[PDB]
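The structure appears right after this line, and notes come after that.
Protein chains: 2
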Amino acid sequence: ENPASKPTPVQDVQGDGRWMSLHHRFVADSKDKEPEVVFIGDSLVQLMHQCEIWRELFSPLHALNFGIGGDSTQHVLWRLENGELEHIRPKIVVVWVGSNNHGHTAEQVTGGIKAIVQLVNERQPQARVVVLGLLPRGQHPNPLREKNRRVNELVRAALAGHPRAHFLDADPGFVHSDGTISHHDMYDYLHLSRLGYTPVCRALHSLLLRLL
Amino acid sequence: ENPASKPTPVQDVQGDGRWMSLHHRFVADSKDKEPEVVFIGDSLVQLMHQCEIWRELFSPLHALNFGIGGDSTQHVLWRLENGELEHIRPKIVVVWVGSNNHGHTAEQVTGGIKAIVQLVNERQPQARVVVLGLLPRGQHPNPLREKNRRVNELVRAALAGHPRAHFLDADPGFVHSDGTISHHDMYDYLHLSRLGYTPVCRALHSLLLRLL
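As given, the protein sequences belong to chains A and A', one line each in that order. A prime marks a further copy of an entry chain.
By the authors' numbering, the letter at position 163 of the first sequence is numbered 167, and the numbering carries on one by one without gaps.
By the authors' numbering, the letter at position 33 of the second sequence is numbered 37, and the numbering carries on one by one without gaps.
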């Protein structure tokens, strides 16, 4: 066990059962809808649906957003196994996870993203799979920048020979010459502003359009 | 020590120093601006600036948003002590924290909010202080609903005799008759949608207008 690729649900240590409620609504979405794109991942996936204009770029494409703030790779794995891929036949699955895998080496997080791609390839063999690169983070140079850049290296080399697996680097150049990330792009140096989402979402919406 | 009212910074166990970067930008805001309202608290404060239209209701009023996702009462206390109230002379300080105080009884969280009100009263004696009630949370009946309702009781009774301390319950009736909270109000049963923020922000914008 890489802990990153061992499927496990987020345990409720708070009391309000929200994670599980999120997961059950997505399962019910899958039972009742027929998306062509399913988006899955952590809060950069999740807030794209609020905080981007999803409705203009991504709703036309017939698209479910199954992002869950705080998810690591292994949580996304558990949710694809436990009913979020039932009853559906997407053409494309977009995956954006790995920046919450705290305490996991870049090689373990890469192993996590590879297990996600593998599960999607078995459970939904017709779909293309898109993996987004992990964005830089923090206001200044720090070790999670180099973690995320190393995951992106190891992931892009892993996907390089998959005909229907696409790695996408959506970073527009968020880190400036002086090393800084501006809070106009990322209000807390991790999560994207409305401004930060635009270039990200049009790099993805293009890729989505070529594929589809 | 109530842990809730013992001032302490969030320690960086991730590596990118974002919390501290957030705090330093707010300190620099305070050094360089002259707000009349400062908003402080957790992510319901923070995302109101993105995810509400802040610019229409709250920007006219000359208003800084110092919300930090994940903050407990004791983290907000530390940030008001360590330079977010320097160089400024607000008329009104709005406080919205306590739903992240996991592992604290409702009485301890109340003790936390009282220490915040006390610090604001000493460091900025001219300001009114508004405390928002803690919103319900989770999709169904659960113990954090009753925690939050008990904090609101103990807080409103604490503030009842303060002439310049105002408790505000902004809840429009988010919990329905069947016990549920809809994901249209709260997308993850905690954080508010654009739709969920509107009634909240106009109850607050009114209060703000009477006071000012």
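Using N, Cα and C, we set each Cβ at its ideal position, and we do this for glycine too.
In the structure shown, A':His-53 falls within a helical segment according to DSSP collapsed to helix, strand and coil.
If you check the CB distance, A:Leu-163 and A:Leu-123 do not come in under 8 angstroms. Residue pairing by DSSP leaves A':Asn-156 without any beta bridge partner.
Beta bridge pairing from DSSP links A:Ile-96 with A:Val-41, A:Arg-132.
Contact holds between the segment 121-139 of chain A and the segment 166-186 of chain A, because three or more Cβ pairs, one in each stretch, are under 8 angstroms apart.
Distance from the CA atom of A':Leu-199 to the CA atom of A':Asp-189, rounded to whole angstroms, is 6 angstroms. Bounds of any alpha helix (DSSP H) do not take in A:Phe-70; it lies within the beta strand (DSSP E) bounded by 67-71. Look at A:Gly-142: its C-beta is under 8 angstroms from a C-beta on chain A'. One thing to note: A':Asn-6 has its Cβ within 8 angstroms of the Cβ of A':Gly-116. Taking the beta carbon of A':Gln-54 as reference, the chain A residues within 8 angstroms of it are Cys-55, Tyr-191, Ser-197, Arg-198, listed in sequence order. According to the DSSP assignment, A':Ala-169 belongs to the beta strand (DSSP E) that extends over 169-172. Contact annotation for A:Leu-163 against chain A': no contact, minimum CB-CB distance about 26 angstroms [criterion: below 8 angstroms]. Between A':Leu-139 and chain A, the shortest Cβ-Cβ separation is not below 8 angstroms. For the pair A':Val-135 and A':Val-99, the CB atoms are nearer than the 8 angstroms cut-off.
Among the residues of chain A, those whose CB is under 8 angstroms from the CB of A':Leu-26 are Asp-192, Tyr-193, following chain order. Going by beta carbons, A:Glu-90 and A:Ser-34 fall inside the 8 angstroms limit. Assigned with DSSP and collapsed to three states, A:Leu-196 falls in strand.
Counting along the chain, A:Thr-77 sits inside the alpha helix (DSSP H) bounded by residues 77-83. Around the beta-carbon of A':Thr-12, fewer than 16 other beta-carbon atoms lie within 10 Å, marking it exposed.
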